[PDB]
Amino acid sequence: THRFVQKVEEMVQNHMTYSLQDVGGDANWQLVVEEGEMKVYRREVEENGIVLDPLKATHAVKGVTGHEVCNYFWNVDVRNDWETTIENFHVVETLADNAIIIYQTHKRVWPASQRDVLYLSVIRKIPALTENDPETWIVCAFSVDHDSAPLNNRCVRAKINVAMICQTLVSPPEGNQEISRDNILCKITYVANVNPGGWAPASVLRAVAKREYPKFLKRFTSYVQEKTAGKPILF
């Protein structure tokens, strides 16, 4: 219904079409961090002197659903509990039940001015085309303009295109005998395409990326595990 619907649907379809391709066999990507079930890749890209390195991570998390993962990732009410790089943020506008515009500032992750970001964050269920395939839950976060948050002089305005894309594998048990969290696994794909704005050394920016993304993914996924443990399953 809202004014960004076409852009949202374009971004979701783009992530659905391009972001789920396996980069493990893609020789243009490099596996830069591995820990447990998590693998983090990047493509070294510069355009007009500036580092744009697309990043993609895959992960598989026992005992949670894509719905829960995406709920926790999207829900502003719980951002503080898991996110570490954010200094301040607020919802600038509510577009829909599932779509919000967020303004936020980031703590310095390299010695420079703080970055701010203004993005639409939407949570979407993508229906399976068949009952044999998992449904996909996706949270897309992408930079937008808003009259109420113009560029300011204290921060550099970063531009983002980020998605977390989740599918739930369920393996029904034997017996009589309900499915438990032991019977479920959430496959995650996380993509971040970020323009840091301004200027910074390629080497520091690449070091920060390699540090901050696996840190976030480990902390966030274990957080969803803790918060859902023992609770009825939200498919």
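Note that residue numbering follows the sequence shown and begins at 1.
*Asks:* If you take the mean CA temperature factor per stretch, which one wins between 52-60 and 178-186?
*Replies:* If you average the C-alpha B-factors of 178-186 and of 52-60, the larger mean comes out for 178-186.
*Asks:* Out of 122-130 and 137-145, which one has CA B-factors that are higher on average in the deposited record?
*Replies:* Higher mean C-alpha B-factor: 122-130.
*Asks:* Pick out which of 86, 160, 100, 165 has the highest C-alpha B-factor in the PDB entry.
*Replies:* Highest C-alpha B-factor among the listed residues goes to 86.
*Asks:* Compared with the other modelled residues in the chain, in which third is the CA B-factor of residue 171?
*Replies:* Highest third.
*Asks:* Give the position of residue 36 by CA B-factor within its chain, expressed as the lowest, middle or highest third.
*Replies:* Its C-alpha B-factor belongs to the middle third of this chain's values.
*Asks:* Split the chain's modelled residues into thirds by Cα B-factor; is residue 47 in the lowest, middle or highest one?
*Replies:* Answer is highest: the recorded C-alpha B-factor places it there.
*Asks:* Which third, lowest, middle or highest, does the CA B-factor of residue 71 fall in along this chain?
*Replies:* According to the entry, residue 71 has a C-alpha B-factor in the chain's lowest third.
*Asks:* Is residue 221 in the lowest, middle or highest third of its chain when residues are ranked by C-alpha B-factor?
*Replies:* Lowest third, going by the recorded CA B-factors of the chain.
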